[PDB]
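As a starting point, one isolated chain is supplied in structure tokens, in the form deposited without the ligand.
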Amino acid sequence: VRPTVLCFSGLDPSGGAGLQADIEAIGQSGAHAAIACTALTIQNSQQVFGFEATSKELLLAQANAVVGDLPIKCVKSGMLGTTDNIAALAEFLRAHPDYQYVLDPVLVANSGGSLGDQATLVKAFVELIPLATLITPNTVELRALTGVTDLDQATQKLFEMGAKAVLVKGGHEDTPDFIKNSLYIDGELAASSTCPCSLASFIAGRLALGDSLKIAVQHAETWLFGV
């Protein structure tokens, strides 16, 4: 088996996002995907009708079945659904500090439909921020996590909250053709790029395969520049 990325992600039946997108991205990165499903959502391209969040017990049962069997090198999270599941993931990560971890701070669906109570989820994410090898917020997620509207100030706030590295997707350098991404490591700009961007799972795959953070981010852009 290839190095494995274990994904704590929700299921989108329409196949536009969620663990399906994780599987597609990780396969294309060259790694193997394993899945601990956090929720069965009821949604399509237009709206979210609702979701059934996985219990913390069933979430950890899925994850722990993978541990010891597959060569897990990295964890990726997307939709977690509940504060219980955020806490369960933190528990899992603290039991395995040797795993890398890519935090994609999903708060809402592509359609804008609810994937949980944002106020309580934002507060719960505080626990996961310092555990991540990389956090990948878009500009909306960045502001929600920090309560700061200025992008520069919000980025610094994330580092004050314990972030190790942050890939901010979008911002003042965007155009009709590209979203500009900025990679910060320990509060400093490390790479400033673009992307013709769901990058978390691909990056996780490259990290599992032994890439440096900068090399993983670059590969993910190259992948999309061919996608």
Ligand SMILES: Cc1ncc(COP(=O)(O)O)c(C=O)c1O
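When you see a residue number, it is the position in the sequence shown, counting from 1.
Just so it is clear, the following notes concern the form solved in complex with the ligand, a form of the same protein that is not shown.
Touches the ligand in the bound PDB entry: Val108 (any heavy atom, 4.5 Å): Yes - in the bound PDB entry, heavy atoms of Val108 and the ligand come within 4.5 Å of each other.
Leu115 within 4.5 Å of the ligand in the bound PDB entry, heavy atoms: Yes, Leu115 is a contact residue.
Contact of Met79 with the ligand in the bound PDB entry (heavy atom, 4.5 Å): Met79: contacts the ligand in the bound PDB entry.
Heavy atom of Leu213 within 4.5 Å of the ligand in the bound PDB entry: Contact with the ligand, no.
Options 100-108, 116-124, 152-160, 86-94; stretch whose heavy atom lies within 4.5 Å of the ligand in the bound PDB entry: That would be stretch 100-108.
Joint contact, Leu6, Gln28 and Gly205 to the ligand in the bound PDB entry, by non-hydrogen atom at 4.5 Å: Per the other structure, none of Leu6, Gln28 and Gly205 touch the ligand.
In the bound PDB entry, residues of 41-59 near the ligand [heavy atom within 4.5 Å]: Result: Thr41, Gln43.
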